[PDB]
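Report on the structure given below.
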Ligand code: HEM
Ligand code: HEM
Ligand code: HNI
Ligand code: HNI
Ligand SMILES: O=P(O)(O)O[C@H]1[C@H](OP(=O)(O)O)[C@@H](OP(=O)(O)O)[C@H](OP(=O)(O)O)[C@@H](OP(=O)(O)O)[C@H]1OP(=O)(O)O
């Protein structure tokens, strides 16, 4: 359950991501494709090379979708209802990949929020990424 | 989430497990320790030899909690609340192990219900063991 | 992988009684029913909308037979699952883009299907030897991904 | 495992700037705070109630420094992780009973703590070299379970 400390810690670290989310989204994607290269069978149609405008443009959508879930932390199953329908019915990405993106998102925030990524913000961020994965995976069956 | 027809399939199939619930619970356990031996780091103080009375008595605690979760399948977190509290605050069993017991549970039922283990009743029972495992690991953090 | 040979002849005796034409189609059938997001690689196959359609769908039964005939080839090269599957591993990666976590999911539906089909004859130690083969094939077939 | 001779110079050059004693404590700490069921092994350890109780405990600190000292040896032999840790594998198995799935969870908390630490130096190809190293050390340590 996202406790009220968690929501404050996730709104505090995400606020500080800031106008840089789009950027941090793309660097997560990139880190995922190099560290877990099965995660690349989902983007066969992409230019997945460094600095691709396709990876930077998918970075911006993943990142906006997280901004909207942090903004309605209080009501995720409803803010994220079109993307759980998309995920569950067109994309049908295997659930394990949600773990591998949240880990490469958690390493991109750590890398860029030295001062903000405290043990407790990390637990808060790892808890919130696991509820967003649970909600985008809810209607798989 | 358990659709009505899932509820009907779960209840039919646990319907003829009926009084062998205990004996199949001991046998899922016994397949689990032999197929996945890492799960035995959890049962240090047991005898896990073939036919141990402690495997057979813990199969019966386990199938009876499943029986109880079948009968209260429209409100399993209150029906299982104290079992979430023991998993969460004492047993503290890594979440991937629920997945390994569900599959041994499904291989035991598959093997003892030739007629009732249909694709359809196989799909509802696996949705039903993923819902009891989500509820027992709810409160881990 | 290595099976002790008490494991190896466990797997091998049982598999001589299989119907690769019918466990074929049931394993690939029940994968597409129990884990419906796997239907994304098979939409070309038709009507996959209820369980009874998926199981009645003859392209599903046909390709299951083809999945399970290749499976039987590595049950004969158990020493070497990687060189035996290097080619389909490349092929599922590069021409089919199949997430190798599906190979684990078919793995475990095939063990439910062999329990179903052999009843009590699919004992805790034959399962345990067959969980070691289906991790070996899933592994062998993930082998050539990049 | 198979680290290209470029992935090993990457791992080796980041690890000779690491203070072992201090990254040790921040990784065990953060294991215990971010995956709090892992505290089922550390009852003898004292105040583990809040993040800063876990992070100031000098027992938690201490054993982090013992864990990372042995991981640090693992790094002098990337070409035989299994015989360099099969003695701790056999010990966490049979005497400590740790589910080897906790070695993935600490491995992924140490990739987060070296990022946190190195910042923009911990690049996507240096993350990818260390993911293969903490996977090799987790397999190595899981090796003698049974
Ligand atoms: C034990 C694992 C498996 C084995 C041994 C296996 C074997 C095969 C074989 C022999 C073919 C045909 C090669 C050819 O036609 O030239 C094939 C094709 C294919 N496999 Fe797999 N496979 C396995 C698992 C999977 C999984 C689980 C998926 C997807 C969820 C998958 C998706 C496909 C698809 C999409 C095709 C092509 C269907 C088509 O041609 O229209 N396979 N596989
Ligand atoms: C890279 C992963 C790991 C390495 C290299 C490592 C290494 C060590 C070392 C060298 C010791 C002391 C053994 C001795 O006294 O001879 C130790 C003790 C222990 N480890 Fe691990 N370990 C790892 C992961 C884990 C994890 C993830 C846990 C569980 C959360 C764990 C639980 C323990 C416990 C409970 C002790 C006992 C402390 C004592 O005897 O005082 N270890 N580990
Ligand atoms: C490894 C695969 C994978 C994962 C784990 C993943 C995880 C996530 C998460 C994680 C918490 C979020 C918020 C997210 C958000 C999105 N994904 Ni994901 N996606 C993934 C692969 C995709 C793919 C593939 C698409 C299609 C992109 C395209 O444009 O074709 C996609 C599309 C989207 C879209 C855009 C669709 C549109 O056009 O309207 C959003 C938003 N996503 N994805
Ligand atoms: C592999 C480890 C493991 C798994 C996955 C697991 C999964 C499950 C599942 C999920 C479907 C159920 C319903 C279940 C039910 C129970 N477990 Ni589990 N348990 C596990 C290890 C235990 C252990 C350990 C205990 C304590 C047993 C004992 O006798 O000390 C336990 C205790 C219980 C009890 C006993 C309550 C009591 O003694 O007060 C029940 C009932 N369970 N366990
Ligand atoms: O196929 P596996 O059973 O996984 O074994 C092979 C390899 O030997 P083979 O390639 O000859 O089979 C080694 O296994 P061991 O003899 O050490 O047990 C080990 O490779 P390293 O020497 O590089 O450690 C590694 O096994 P694992 O990753 O399970 O530790 C794995 O090598 P590949 O994954 O490169 O095939």
| message | With the structure loaded, tell me whether residue A:66 is assigned to a helix (DSSP H, G or I) and either more than 16 Å from ligand 1 (Cβ to nearest atom) or on the phi > 0 side of the Ramachandran plot (or both) or whether it fails that test. | response | yes
| request: Check off (1) surrounded by fewer than 17 Cβ atoms within 10 Å (Cβ to Cβ); (2) more than 12 Å from ligand 3 (Cβ to nearest atom); (3) facing another protein chain (nearest Cβ under 8 Å) for residue A:110 and give me the number that stays unchecked. | output: (1)
| Going by the conditions given, is residue C:34 within 14 Å of chain A (Cβ to nearest Cβ), closer than 26 Å to residue C:131 by Cα, touching a residue at least 24 places away in the same chain (Cβ under 8 Å) and more than 16 Å from ligand 4 (Cβ to nearest atom)? | yes
| remark: When (1) crowded, with 16+ Cβ neighbours inside 10 Å; (2) more than 17 Å from the chain's Cα centre (by Cα) are applied to residue D:58, the one that fails is (1)
| message | Testing residue D:92 on (1) within 13 Å of ligand 2 (Cβ to nearest atom); (2) surrounded by fewer than 19 Cβ atoms within 10 Å (Cβ to Cβ), one condition comes back false. Which one is that? | response | (2)
| task | Give the residue, chosen from C:128, C:140, C:135, that is within 16 Å of ligand 4 (Cβ to nearest atom) and part of a helix (DSSP H, G or I). | result | C:128
| message | If I ask for residues that are within 10 Å of chain D (Cβ to nearest Cβ) and part of a helix (DSSP H, G or I), which ones from segment B:18-46 would you list? | response | B:37, B:38, B:39, B:40, B:41, B:42
| request: Determine whether segment A:69-80 contains at least one residue that is touching a helix residue (DSSP H, G or I) at 6+ places or on another chain (Cβ under 7 Å), crowded, with 17+ Cβ neighbours inside 10 Å and within 14 Å of chain C (Cβ to nearest Cβ). | output: no
| Which one is farthest from ligand 3 (Cβ to nearest atom), of the residues in segment B:1-24 that are without any contact (Cβ under 8 Å) to a residue 60 or more places away in the chain and buried (at least 18 other Cβ atoms within 10 Å of the Cβ)? | B:22
| message | Can you say whether residue C:63 is assigned to a helix (DSSP H, G or I), away from chain A (no Cβ under 14 Å) and surrounded by fewer than 18 Cβ atoms within 10 Å (Cβ to Cβ), as far as the supplied structure shows? | response | yes
| note | In segment D:15-31, anything within 24 Å of residue B:95 (Cβ to Cβ) and either within 14 Å of chain B (Cβ to nearest Cβ) or not in a helix (DSSP H, G or I) (or both) is listed as D:30, D:31
| Which residues, taken from segment B:118-141, are assigned to a helix (DSSP H, G or I) and closer than 29 Å to residue B:89 by Cα? | B:125, B:126, B:127, B:128, B:129, B:130, B:131, B:132, B:133, B:134, B:135, B:136
| remark: Across (1) crowded, with 16+ Cβ neighbours inside 10 Å; (2) assigned to a helix (DSSP H, G or I); (3) within 13 Å of ligand 2 (Cβ to nearest atom), residue D:118 clears everything bar (3)
| remark: Taking segment D:74-107 and keeping only residues that are without any contact (Cβ under 8 Å) to a residue 40 or more places away in the chain, within 12 Å of the chain's Cα centre (by Cα) and either within 16 Å of ligand 3 (Cβ to nearest atom) or farther than 22 Å from residue A:28 by Cβ (or both), one is left with D:103
| task | Could you tell me which of the residues B:88, B:110 is in contact (Cβ under 8 Å) with a residue 40 or more places away in the chain and under 24 Å from residue B:33 (Cα atoms)? | result | B:88
| said: Quick check on segment D:115-130. Is at least one of its residues within 14 Å of chain A (Cβ to nearest Cβ) and at positive phi? | reply: yes
| task | Select from segment B:81-99 the residues that are within 13 Å of the chain's Cα centre (by Cα) and within 11 Å of another protein chain (Cβ to nearest Cβ) and write down the one among them that is surrounded by the most Cβ atoms within 10 Å (Cβ to Cβ). | result | B:97
| request: Check residue B:80 against each of (1) under 20 Å from residue B:127 (Cβ atoms); (2) free of Cβ contacts under 8 Å to residues at least 12 places away in the same chain and name the one condition it does not meet. | output: (2)
| field | Neighbours by Cβ (under 7 Å, 6+ apart or cross-chain): first from segment B:121-141, within 14 Å of chain C (Cβ to nearest Cβ); second in a loop (DSSP other than H, G, I, E, B) | value | B:127/A:141; B:127/B:2; B:128/B:2
| query | Applying the selection to segment D:17-41, what residues are farther than 30 Å from residue D:3 by Cα and more than 16 Å from the chain's Cα centre (by Cα)? | reply | D:36, D:37, D:40
| Tell me, which residue of segment C:82-105 that is more than 18 Å from residue C:133 (Cα to Cα) and assigned to a helix (DSSP H, G or I) is nearest to ligand 4 (Cβ to nearest atom)? | C:92
| Failed condition for residue D:45, given (1) within 14 Å of another protein chain (Cβ to nearest Cβ); (2) surrounded by fewer than 19 Cβ atoms within 10 Å (Cβ to Cβ), with all others met? | (1)
| message | Please verify whether residue A:102 is free of Cβ contacts under 8 Å to residues at least 60 places away in the same chain, crowded, with 18+ Cβ neighbours inside 10 Å and within 14 Å of chain C (Cβ to nearest Cβ), treating the condition exactly as stated. | response | no
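Rule-based calculations on the coordinates, nothing more; no lab input. Here the Cβ is made from the backbone with ideal geometry for all residues, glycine too, and neighbour counts use every protein chain on show.
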